[PDB]
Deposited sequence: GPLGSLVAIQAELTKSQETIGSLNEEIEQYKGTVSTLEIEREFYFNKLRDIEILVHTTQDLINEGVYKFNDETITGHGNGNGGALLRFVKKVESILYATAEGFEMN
């Protein structure tokens, strides 16, 4: 009857509001994991950038103003731009 249908929907509704609660919990932990990975990424990208700047600057400095130095600089450059 009316009461039975009201009770069944109310039960499924509170069960649904539970899932929403647990899915929001997951989203907050995923937001936290993306944030950590993005903080790490900015740090490592800066170190690789410092190596890239050094490689290109030395390549320019060798040009007008390298023997074994140029050979090493080119070996580093090939490591940076390799695709795997």
{"item": "Chain regions without C-alpha coordinates, deposited sequence numbering", "value": "66 to 81, 101 to 106"}
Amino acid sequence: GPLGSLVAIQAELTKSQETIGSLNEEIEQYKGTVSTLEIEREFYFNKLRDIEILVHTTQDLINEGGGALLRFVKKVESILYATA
From here on, numbers count along this sequence of modelled residues.
query: Segment of higher mean CA temperature factor, 54 to 62 or 41 to 49; finding: 54 to 62
query: Higher-scoring stretch by recorded Cα B factor average, 15 to 23 or 72 to 80; finding: 15 to 23
